[PDB]
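Below: the structure, in structure tokens.
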Amino acid sequence: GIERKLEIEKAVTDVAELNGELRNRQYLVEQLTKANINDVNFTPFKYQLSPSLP
Amino acid sequence: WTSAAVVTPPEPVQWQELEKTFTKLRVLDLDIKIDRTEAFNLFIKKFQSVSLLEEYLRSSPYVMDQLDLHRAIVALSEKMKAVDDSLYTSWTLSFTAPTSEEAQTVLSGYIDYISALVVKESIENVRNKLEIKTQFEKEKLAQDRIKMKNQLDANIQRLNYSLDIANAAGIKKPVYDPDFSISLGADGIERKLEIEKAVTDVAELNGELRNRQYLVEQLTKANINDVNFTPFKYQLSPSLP
Amino acid sequence: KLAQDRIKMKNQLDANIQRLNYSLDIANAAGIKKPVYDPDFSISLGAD
Amino acid sequence: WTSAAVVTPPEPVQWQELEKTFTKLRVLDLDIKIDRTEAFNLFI
């Protein structure tokens, strides 16, 4: 068994293939890269009185 | 010719309606309140808004009867006052006009107008909080499902190698290793593997996921519909002087 | 909450059932008919 | 010939669009706020 385990491990190209946590960190980076904050409009105050005409 | 009202934060019995609605949402894992004192303070704040007063007078058919107009509105709006009055919080709201009956009708009318505005915004908040909960739980579920899929994919690869090692070690039948479990034996491992490759929906074997989906559906179905309430309690309703 | 817990419970059971189905297939594949004397699909009880 | 405005920190209802955006980000493990009072203080 050790012999075959060894040659399996030697053949591993991508540490992510056996590691779920790594695959998911990749997913996170992909989703973070795709995300946009696009122009949200808002007003940084509330009028108690809008500019008066005297 | 001055009408006055004394006003105090609302009592729990006036919140019963809202409390039923908060309970529907509490069950759905959304903990939401409209604080009785904050609602009151919001009412006071809006009452004190000159712009809101003006919009009220202009829209009031009553006031309209009795473009020099603008100066008139401005002069009327100067006669709405609110003052802080101790065992419990209370404010005196007053309006002064020529007729006594005019004073009372305007004050009462304005109070109702402001009151309707606070209930409108207040329920709008609850609705918005619901909208955010729904959006979040939905997007998180979609994400957790992809995360789960990725773990299954990785488990499949590991099970594949488990097969090879079991075979190499000549373990066909279940036995009577930290990285590639072998105990099940090649015969079992082979069927386990094909079962797992066949999995099409990560939620079929995972109760948690099925439940999170139920929660999303229930959140989507939920409504906050127009609850009526008063953001204050009258100690004195607008007087007829 | 009771109503809800019921449905949550049902969902749990349905998922358990699917797991047990697969347990049966793996039990059979590994030739375990009688109780033996696996973290995902328990087979110790045997196919019978 | 003097115009005046009275101005107060914004209320939650005006933040809803922002809070949709902060939620997309919250899911992606980024906890972000624009504090209503701080926004106001920056305006002033």
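Residues in the structure tokens are named by chain (A, B, ... in the order shown) and by number from 1 within that chain; ligands are numbered from 1 in the order shown.
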
At a cut-off of 12 Å, can you tabulate as a tab-separated table every residue of chain B near chain D together with its closest atom pair and the distance in Å to one decimal, using only C-alpha atoms and ordering rows by chain then number?
residue	atom	partner	partner_atom	distance
B:42	CA	D:11	CA	9.9
B:45	CA	D:8	CA	9.9
B:46	CA	D:8	CA	11.1
B:48	CA	D:6	CA	10.8
B:49	CA	D:6	CA	8.6
B:50	CA	D:6	CA	8.9
B:51	CA	D:6	CA	9.4
B:118	CA	D:13	CA	11.5
B:120	CA	D:13	CA	10.7
B:121	CA	D:13	CA	7.2
B:122	CA	D:13	CA	8.9
B:123	CA	D:13	CA	10.2
B:124	CA	D:13	CA	7.2
B:125	CA	D:13	CA	6.3
B:126	CA	D:13	CA	10.0
B:127	CA	D:13	CA	10.2
B:128	CA	D:16	CA	6.9
B:129	CA	D:16	CA	8.8
B:130	CA	D:16	CA	11.4
B:131	CA	D:20	CA	8.7
B:132	CA	D:20	CA	6.6
B:133	CA	D:23	CA	9.1
B:134	CA	D:23	CA	10.5
B:135	CA	D:23	CA	7.7
B:136	CA	D:23	CA	6.3
B:137	CA	D:27	CA	9.0
B:138	CA	D:27	CA	9.9
B:139	CA	D:27	CA	7.1
B:140	CA	D:27	CA	6.0
B:141	CA	D:27	CA	9.8
B:142	CA	D:27	CA	10.3
B:143	CA	D:27	CA	8.3
B:144	CA	D:27	CA	10.2

Write the residues of the preceding selection, restricted to N, CA, C and O atoms, as a tab-separated table (two decimals), in the first residue's frame.
chain	number	residue	atom	x	y	z
B	42	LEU	N	-38.90	59.96	16.81
B	42	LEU	CA	-38.99	60.18	15.38
B	42	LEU	C	-40.18	61.09	15.08
B	42	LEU	O	-40.08	62.04	14.28
B	45	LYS	N	-39.31	64.62	16.02
B	45	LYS	CA	-38.37	65.15	15.03
B	45	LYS	C	-39.07	65.58	13.76
B	45	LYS	O	-38.79	66.65	13.25
B	46	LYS	N	-39.98	64.76	13.25
B	46	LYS	CA	-40.72	65.11	12.04
B	46	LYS	C	-41.65	66.29	12.29
B	46	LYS	O	-41.79	67.15	11.46
B	48	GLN	N	-41.19	68.74	14.23
B	48	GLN	CA	-40.36	69.92	14.25
B	48	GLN	C	-39.82	70.33	12.88
B	48	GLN	O	-39.22	71.41	12.74
B	49	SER	N	-40.02	69.48	11.88
B	49	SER	CA	-39.53	69.77	10.52
B	49	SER	C	-40.40	70.84	9.87
B	49	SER	O	-41.57	70.59	9.55
B	50	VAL	N	-39.83	72.03	9.67
B	50	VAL	CA	-40.55	73.14	9.04
B	50	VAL	C	-41.05	72.75	7.64
B	50	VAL	O	-42.19	73.02	7.29
B	51	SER	N	-40.19	72.08	6.87
B	51	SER	CA	-40.52	71.65	5.50
B	51	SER	C	-41.73	70.73	5.46
B	51	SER	O	-42.55	70.82	4.54
B	118	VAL	N	-44.57	58.69	10.18
B	118	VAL	CA	-43.75	57.79	10.98
B	118	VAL	C	-44.21	56.33	10.84
B	118	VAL	O	-43.38	55.43	10.71
B	120	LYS	N	-45.55	55.03	8.20
B	120	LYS	CA	-45.15	54.66	6.84
B	120	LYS	C	-43.67	54.30	6.76
B	120	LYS	O	-43.32	53.26	6.24
B	121	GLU	N	-42.80	55.16	7.30
B	121	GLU	CA	-41.36	54.91	7.31
B	121	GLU	C	-40.98	53.75	8.18
B	121	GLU	O	-40.01	53.04	7.89
B	122	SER	N	-41.71	53.58	9.28
B	122	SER	CA	-41.41	52.55	10.24
B	122	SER	C	-41.63	51.17	9.64
B	122	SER	O	-40.78	50.30	9.78
B	123	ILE	N	-42.76	50.98	8.96
B	123	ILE	CA	-43.02	49.69	8.34
B	123	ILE	C	-42.12	49.48	7.12
B	123	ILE	O	-41.73	48.37	6.84
B	124	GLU	N	-41.78	50.56	6.44
B	124	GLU	CA	-40.81	50.53	5.33
B	124	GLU	C	-39.46	49.98	5.79
B	124	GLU	O	-38.80	49.24	5.06
B	125	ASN	N	-39.05	50.33	7.01
B	125	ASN	CA	-37.85	49.78	7.61
B	125	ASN	C	-37.91	48.30	7.81
B	125	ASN	O	-36.97	47.57	7.47
B	126	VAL	N	-39.02	47.86	8.39
B	126	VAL	CA	-39.22	46.45	8.63
B	126	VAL	C	-39.19	45.70	7.31
B	126	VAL	O	-38.50	44.70	7.19
B	127	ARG	N	-39.89	46.22	6.31
B	127	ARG	CA	-39.86	45.63	4.98
B	127	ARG	C	-38.45	45.53	4.41
B	127	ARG	O	-38.09	44.52	3.82
B	128	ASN	N	-37.66	46.58	4.60
B	128	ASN	CA	-36.29	46.63	4.10
B	128	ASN	C	-35.37	45.64	4.79
B	128	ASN	O	-34.54	45.01	4.14
B	129	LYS	N	-35.54	45.51	6.10
B	129	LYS	CA	-34.78	44.57	6.89
B	129	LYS	C	-35.08	43.15	6.42
B	129	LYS	O	-34.17	42.32	6.31
B	130	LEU	N	-36.36	42.88	6.14
B	130	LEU	CA	-36.79	41.60	5.55
B	130	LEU	C	-36.14	41.35	4.19
B	130	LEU	O	-35.64	40.26	3.94
B	131	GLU	N	-36.16	42.36	3.33
B	131	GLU	CA	-35.51	42.31	2.02
B	131	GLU	C	-34.04	41.95	2.14
B	131	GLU	O	-33.56	41.09	1.41
B	132	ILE	N	-33.32	42.60	3.05
B	132	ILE	CA	-31.90	42.28	3.29
B	132	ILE	C	-31.70	40.84	3.80
B	132	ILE	O	-30.82	40.15	3.30
B	133	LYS	N	-32.53	40.38	4.74
B	133	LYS	CA	-32.41	39.01	5.26
B	133	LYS	C	-32.60	37.99	4.14
B	133	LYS	O	-31.83	37.05	4.03
B	134	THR	N	-33.62	38.20	3.32
B	134	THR	CA	-33.93	37.31	2.22
B	134	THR	C	-32.78	37.25	1.25
B	134	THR	O	-32.33	36.17	0.91
B	135	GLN	N	-32.30	38.41	0.82
B	135	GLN	CA	-31.19	38.49	-0.11
B	135	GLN	C	-29.95	37.80	0.42
B	135	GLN	O	-29.31	37.05	-0.31
B	136	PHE	N	-29.62	38.05	1.68
B	136	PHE	CA	-28.46	37.44	2.27
B	136	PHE	C	-28.58	35.91	2.33
B	136	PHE	O	-27.74	35.19	1.78
B	137	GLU	N	-29.63	35.41	2.97
B	137	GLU	CA	-29.80	33.97	3.12
B	137	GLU	C	-29.81	33.26	1.78
B	137	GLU	O	-29.33	32.13	1.66
B	138	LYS	N	-30.35	33.92	0.77
B	138	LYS	CA	-30.43	33.35	-0.57
B	138	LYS	C	-29.05	33.22	-1.22
B	138	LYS	O	-28.70	32.16	-1.71
B	139	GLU	N	-28.29	34.31	-1.22
B	139	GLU	CA	-26.96	34.32	-1.80
B	139	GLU	C	-26.01	33.43	-1.04
B	139	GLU	O	-25.11	32.84	-1.64
B	140	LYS	N	-26.16	33.34	0.29
B	140	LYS	CA	-25.30	32.48	1.09
B	140	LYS	C	-25.57	31.03	0.79
B	140	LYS	O	-24.66	30.22	0.75
B	141	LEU	N	-26.84	30.70	0.58
B	141	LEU	CA	-27.19	29.33	0.26
B	141	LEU	C	-26.59	28.92	-1.07
B	141	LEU	O	-25.95	27.88	-1.16
B	142	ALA	N	-26.77	29.76	-2.08
B	142	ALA	CA	-26.17	29.50	-3.39
B	142	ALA	C	-24.67	29.26	-3.26
B	142	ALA	O	-24.14	28.36	-3.90
B	143	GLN	N	-24.02	30.06	-2.42
B	143	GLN	CA	-22.59	29.96	-2.19
B	143	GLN	C	-22.24	28.67	-1.44
B	143	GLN	O	-21.30	27.96	-1.82
B	144	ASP	N	-22.99	28.36	-0.39
B	144	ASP	CA	-22.69	27.17	0.40
B	144	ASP	C	-22.83	25.89	-0.42
B	144	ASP	O	-22.11	24.91	-0.20

Alpha helix (DSSP H) call set, DSSP backbone run, chain C, as JSON, numbers by chain: {"C": [2, 3, 4, 5, 6, 7, 8, 9, 10, 11, 12, 13, 14, 15, 16, 17, 18, 19, 20, 21, 22, 23, 24, 25, 26, 27, 28, 29]}

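For the pair CA of residue 4 (chain D) and CA of residue 52 (chain A), the interatomic distance is 5.4 Å.
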
12 Å contact set for residue 69 (chain B), only C-alpha atoms, chain neighbours under 6 positions out, as an mmCIF file with N, CA and C atoms, in the first residue's frame:
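The resulting file, part-v6.cif, is shown below:
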data_model
loop_
_atom_site.group_PDB
_atom_site.id
_atom_site.type_symbol
_atom_site.label_atom_id
_atom_site.label_comp_id
_atom_site.auth_asym_id
_atom_site.auth_seq_id
_atom_site.Cartn_x
_atom_site.Cartn_y
_atom_site.Cartn_z
ATOM 1 N N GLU B 54 -44.878 72.916 6.193
ATOM 2 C CA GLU B 54 -45.241 73.657 4.995
ATOM 3 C C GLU B 54 -45.988 72.738 4.022
ATOM 4 N N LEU B 57 -49.616 72.245 5.375
ATOM 5 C CA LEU B 57 -50.473 73.422 5.176
ATOM 6 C C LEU B 57 -50.895 73.574 3.710
ATOM 7 N N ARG B 58 -49.924 73.513 2.800
ATOM 8 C CA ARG B 58 -50.213 73.592 1.371
ATOM 9 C C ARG B 58 -51.208 72.517 0.911
ATOM 10 N N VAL B 63 -56.915 74.548 5.234
ATOM 11 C CA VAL B 63 -56.053 75.729 5.318
ATOM 12 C C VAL B 63 -56.169 76.589 4.048
ATOM 13 N N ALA B 75 -45.750 82.469 7.687
ATOM 14 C CA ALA B 75 -46.223 83.116 8.913
ATOM 15 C C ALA B 75 -47.059 82.172 9.785
ATOM 16 N N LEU B 76 -47.834 81.293 9.139
ATOM 17 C CA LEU B 76 -48.600 80.271 9.851
ATOM 18 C C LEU B 76 -47.665 79.269 10.531
#

Residue contacts of residue 16 (chain C) (8 Å, only C-alpha atoms) excluding same-chain residues fewer than 3 positions away, as an MDAnalysis selection string: (chainID B and resid 205 207) or (chainID C and resid 12:13 19:20)

What lies within 9 Å of residue 48 (chain C) using only C-alpha atoms, ignoring chain neighbours under 4 positions off, as a short mmCIF file (atom, residue, chain, number, x, y, z; two decimals) with N, CA and C atoms, in the first residue's frame?
data_model
loop_
_atom_site.label_atom_id
_atom_site.label_comp_id
_atom_site.auth_asym_id
_atom_site.auth_seq_id
_atom_site.Cartn_x
_atom_site.Cartn_y
_atom_site.Cartn_z
N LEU C 24 -27.15 0.70 1.89
CA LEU C 24 -27.55 -0.63 1.43
C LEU C 24 -26.74 -1.10 0.23
N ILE C 32 -21.40 -7.54 2.82
CA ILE C 32 -21.79 -7.59 4.24
C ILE C 32 -23.31 -7.75 4.40
N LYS C 33 -23.75 -8.99 4.59
CA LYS C 33 -25.18 -9.30 4.74
C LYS C 33 -25.58 -9.25 6.20
N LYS C 34 -24.81 -9.95 7.02
CA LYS C 34 -25.03 -9.97 8.46
C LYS C 34 -24.20 -8.89 9.16
N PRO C 35 -24.68 -8.41 10.33
CA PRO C 35 -23.97 -7.37 11.10
C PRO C 35 -22.51 -7.74 11.34
#

Determine, for each residue of chain C having at least one atom at most 6 Å from an atom of chain B, the closest pair of atoms and their separation in Å to one decimal, counting only C-alpha atoms; order by chain and ascending number, as JSON lines.
{"residue": "C:8", "atom": "CA", "partner": "B:211", "partner_atom": "CA", "distance": 5.8}
{"residue": "C:11", "atom": "CA", "partner": "B:207", "partner_atom": "CA", "distance": 5.9}
{"residue": "C:12", "atom": "CA", "partner": "B:207", "partner_atom": "CA", "distance": 4.6}
{"residue": "C:15", "atom": "CA", "partner": "B:205", "partner_atom": "CA", "distance": 4.8}
{"residue": "C:26", "atom": "CA", "partner": "B:188", "partner_atom": "CA", "distance": 5.2}
{"residue": "C:29", "atom": "CA", "partner": "B:188", "partner_atom": "CA", "distance": 5.4}
{"residue": "C:30", "atom": "CA", "partner": "B:188", "partner_atom": "CA", "distance": 4.5}

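When only C-alpha atoms are used to compute distances to residue 41 (chain D), the closest of the residues A:53, A:15, A:2, A:45 turns out to be A:45.
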
Test item: residues at most 12 Å from residue 113 (chain B), only C-alpha atoms, excluding those fewer than 3 positions along its chain, as a ChimeraX atom specification: /B:43,46-47,52-57,59-60,106-110,116-120,230-231

Contact set, chain A to chain D: 12 Å, only C-alpha atoms, as JSON, numbers by chain: {"A": [24, 25, 27, 28, 29, 30, 31, 32, 33, 34, 35, 36, 37, 38, 39, 40, 41, 42, 43, 44, 45, 46, 47, 48, 49, 50, 51, 52, 53, 54]}

Contact residues (chain B, partner chain A, 8 Å, only C-alpha atoms) as a list in words: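 Those within range of chain A come out as residues 46, 48, 49, 50, 51, 52, 147, 150, 151, 152, 153, 154, 155, 157, 158, 161, 164, 165, 166, 168 and 169 of chain B.
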
Test item: residues at most 6 Å from residue 23 (chain C), only C-alpha atoms, excluding those fewer than 4 positions along its chain, as a list in words: residues 27, 41, 42 and 43 of chain C

All strand (DSSP E or B) residues (DSSP, backbone) inside chain A, as a list in words: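 Here are the strand (DSSP E or B) residues of chain A: residues 46, 47, 48 and 49 of chain A.
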
Write the residues you've just listed into a file as a compact mmCIF listing (two decimals), in the first residue's frame, and include C-alpha atoms for each of them.
# COMPACT_ATOMS: atom_id res chain seq x y z
CA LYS A 46 -32.04 64.52 5.90
CA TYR A 47 -33.66 67.93 5.47
CA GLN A 48 -35.55 69.31 8.42
CA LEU A 49 -35.87 72.42 6.29
